[PDB]
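Visitor: Part one of the assembly, not moved from where it sits:
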Amino acid sequence: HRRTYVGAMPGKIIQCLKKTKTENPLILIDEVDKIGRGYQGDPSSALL
């Protein structure tokens, strides 16, 4: 989130980066087929 919303915390990727401590891990996106393509903001544009 923007960090200006109350309670904002960084997106998942930063958390994985925080955990693995490497710059070059092996991310494993799962189940791409069932990503939610709704009116509420399509993540599939975000993945690009």
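Guide: Yes, it's here. Numbering: from 1, shown residues only, chains lettered A, B, ... in the order given.
Visitor: quick one: contacts of the longest helix that chain A contains?
Guide: In chain A, ranked by residue count with DSSP state H as the criterion, the top helix is helix A:12-20. With C-beta atoms under 8 Å, 6 or more residues apart in numbering as the test, helix A:12-20 has contacts from A:23, A:25, A:27. Just so you know, the C-beta spots here come from the backbone N, C-alpha and C atoms, and that holds for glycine as well.
Visitor: give me that answer again for 7 Å
Guide: Residues from elsewhere that reach helix A:12-20 (C-beta atoms under 7 Å, 6 or more residues apart in numbering): A:25, A:27.
Visitor: Which element is encountered next along the chain beyond that helix?
Guide: helix A:43-47 (DSSP states H and E).
Visitor: go ahead and place chain B:
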Amino acid sequence: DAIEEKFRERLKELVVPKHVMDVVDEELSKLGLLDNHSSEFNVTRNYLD
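Guide: One more chain to add, chain B, which I have set with the ones above:
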């Protein structure tokens, strides 16, 4: 810390997963960072409960 510690002794009886352990504990840390007056803190308080 009164709510936090009654829930902490709660936590001490039930064997929480280490994942859920760190989640409840870091949420408790965010309780400590969040000011008591904020409605955001009331939401996280209700969440902790």
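Visitor: ok chain B is loaded, check the contacts of helix A:12-20 again?
Guide: With contacts defined as C-beta atoms under 7 Å, 6 or more residues apart in numbering or on different chains, helix A:12-20 is touched by A:25, A:27.
Visitor: Kindly report the same for stretch B:37-49.
Guide: A:6-7, B:7, B:27-28, B:30-31, B:34-35.
Visitor: how many neighbours does the closest residue to chain A within chain B have?
Guide: Residue nearest to chain A within chain B (C-beta to the nearest C-beta): residue B:40, separated by 3.9 Å. Counted with other C-beta atoms under 10 Å in any protein chain shown, residues neighbouring residue B:40 total 14.
Visitor: Show the contacting residues for the most centrally placed residue in chain B.
Guide: Geometric centre of chain B, nearest residue: residue B:28, 3.6 Å, by C-alpha atoms, centre = their mean. Going by C-beta under 7 Å, 6+ apart, residue B:28 touches B:4, B:48.
Visitor: following sequence is chain C, place it on the structure:
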Amino acid sequence: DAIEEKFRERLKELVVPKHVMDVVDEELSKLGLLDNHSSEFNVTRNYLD
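Guide: Let me put chain C in with the others:
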């Protein structure tokens, strides 16, 4: 400054881009202006962490 100093030795090992270097520097100073107890200081503290 103790928190910023553990941060700065941290940064002394890993080699940051000069971009994020200057960003953390101005945020570090912006933290340093901030009160030791202000709620926003806790926010920027957790953020700088």
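Visitor: In light of the added chain C, please revisit the contacts of helix A:12-20.
Guide: A:25, A:27.
Visitor: CA atoms of it as PDB?
Guide: What follows is helix A:12-20, C-alpha atoms only, in PDB (Å, rounded to 0.1, in the frame of the first residue of the first chain):
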ATOM      1  CA  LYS A  12       4.400  -9.900  -0.700                       C
ATOM      2  CA  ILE A  13       7.500  -9.700  -2.800                       C
ATOM      3  CA  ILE A  14       9.300  -7.500  -0.400                       C
ATOM      4  CA  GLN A  15       8.500  -9.900   2.400                       C
ATOM      5  CA  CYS A  16      10.100 -12.800   0.500                       C
ATOM      6  CA  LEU A  17      13.100 -10.700  -0.200                       C
ATOM      7  CA  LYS A  18      13.200  -9.800   3.500                       C
ATOM      8  CA  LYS A  19      13.200 -13.500   4.300                       C
ATOM      9  CA  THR A  20      15.500 -15.000   1.800                       C
END
